[PDB]
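**Q** one piece of my complex first, more on the way:
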Amino acid sequence: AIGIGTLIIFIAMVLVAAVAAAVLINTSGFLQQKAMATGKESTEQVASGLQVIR
């Protein structure tokens, strides 16, 4: 009966789509930190310095 295979391949299809989703969630995590730090650091750099009075 045709039904049997239709079920089995659905199981696979779900699983693959899960794995594909995962990589985006993971990568978004990696990028989050890297981005946030880059902004903070760059800001402090411009904002700060010393001045010779005399």
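**A** Nice, thanks for sending it over. Residues are numbered from 1 along each chain as shown, chains lettered A, B, ... in the order given.
**Q** where do the helices sit along chain A?
**A** Assigned by DSSP state H, the helices in chain A fall at A:3-47.
**Q** most centrally placed residue in it?
**A** The C-alpha lying nearest the average C-alpha coordinate of chain A belongs to residue A:28 (C-alpha atoms, centre = their mean; 1.0 Å).
**Q** now it: how far from residue A:17?
**A** Separation of residue A:28 from residue A:17 (C-beta to C-beta, to the nearest Å) stands at 17 Å. Using the backbone N, CA and C atoms, a C-beta is placed for each residue, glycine as well.
**Q** one more: residue A:7?
**A** To residue A:17, residue A:7 is 16 Å away according to C-beta to C-beta.
**Q** what's the answer for residue A:32, then?
**A** 23 Å.
**Q** following sequence is chain B, add it:
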Amino acid sequence: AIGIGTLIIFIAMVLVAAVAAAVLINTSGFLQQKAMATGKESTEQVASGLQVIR
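**A** Let me add chain B to what's already shown:
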């Protein structure tokens, strides 16, 4: 008479076809649960997570 055997073998033929049908009905049951669970579980996985506020 030829009729006698024709009857008897029909009885067998029916019974075999029953057994053959059974395995498909049974197997469809087994697969039902396994499939449904796999979908649900996979969905919850992607959908859920935590976020560090501060």
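**Q** still on that earlier bit, ok, the residue nearest to the centre of chain A - contacts?
**A** Contact analysis of residue A:28 by C-beta atoms under 8 Å, 6 or more residues apart in numbering or on different chains lists nothing.
**Q** tell me the contacts of the closest residue to residue A:8 other than its chain neighbours?
**A** Take residue A:8 and drop its neighbours on the chain: the residue closest to it by C-beta to C-beta, 6 or more residues apart in numbering or on different chains is residue B:31, 7.2 Å away. Residues in contact with residue B:31, defined by C-beta under 8 Å, 6+ apart, are A:4, A:7, A:8.
**Q** are any of those buried, and which?
**A** With burial judged by 16 or more other C-beta atoms under 10 Å in any protein chain shown, the buried subset of the contacts of residue B:31 is residue A:7.
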